[PDB]
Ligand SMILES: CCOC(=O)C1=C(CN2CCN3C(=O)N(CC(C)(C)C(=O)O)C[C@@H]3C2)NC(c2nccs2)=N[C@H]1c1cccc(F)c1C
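Starting off, we have a lone chain in the form deposited without the ligand, written out as structure tokens.
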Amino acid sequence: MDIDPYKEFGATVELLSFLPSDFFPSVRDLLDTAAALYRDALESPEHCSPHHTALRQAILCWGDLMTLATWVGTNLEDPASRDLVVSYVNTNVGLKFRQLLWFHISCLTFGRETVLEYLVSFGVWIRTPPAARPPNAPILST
């Protein structure tokens, strides 16, 4: 069974690894932003949007991963060395959520296509050597 988290939103995992791995904020920063910009819709009893639905599942999923990695770090080894279980999650999967978290928060703010366009525009822009690219990078707004 093969599911692209983005296919239903008009994008893919190809399109997101299209941006450099350091382009995205941290997972901790992206969650802080979710609360700060949307908590009431996110805690609301309404669907609101497919982006809202997806965002809530993605926030909570990182919750299911972190909770599991912390309870499993505590039960054999030192709280100073047990951060290999939480280290592990930020190496394999931590990058994946960084893309996914950002993608939806961004889509809520500016509009799905805006973010889609922004990804292709900013993507070809970052690859372009300094001398060949405009001084004004693509910008993300309404």
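What we label the rigid core is the largest C-alpha set whose atoms superpose within 1.5 Å from one form to the other. All residue numbers are counted from 1 along the displayed sequence. Shifts are known only where both forms have a C-alpha.
If you look for the form deposited with the ligand bound, you will not find it shown, but the lines that follow are about it.
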Using heavy atoms only and a 4.5 Å cut-off, determine which of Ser87, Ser44, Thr70, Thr109 is in contact with the ligand in the deposited bound form. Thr109
Heavy atom to heavy atom, is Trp102 within 4.5 Å of the ligand in the deposited bound form? yes
Can you check whether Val13 is within 4.5 Å of the ligand in the deposited bound form, heavy atom basis? no
Heavy atoms within 4.5 Å of the ligand in the deposited bound form: does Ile139 have any? yes
Would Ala54 count as a contact of the ligand in the deposited bound form, using a 4.5 angstroms cut-off between non-hydrogen atoms? no
Any idea which of 44-52, 26-34, 74-82, 61-69 reaches within 4.5 Å of the ligand in the deposited bound form, heavy atoms considered? 26-34
Superpose on the rigid core, then report which one of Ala34, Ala54, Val115, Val85 has a CA displacement of at least 2 angstroms between this form and the one not shown. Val85
With both forms fitted on the core, check whether the Cα of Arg133 differs by 2 Å or more between this form and the one not shown. yes
Pair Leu60/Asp83, Cα separation in the deposited bound form versus the displayed form, closer or farther by 3 angstroms or more: farther
Distance trend in the deposited bound form - C-alpha atoms of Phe97 and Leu76, change of 3 Å or more: closer
Displaced runs between this form and the one not shown (core superposition; 3 or more consecutive residues; every C-alpha shifted by 2 Å or more) cover 67-92, 130-138
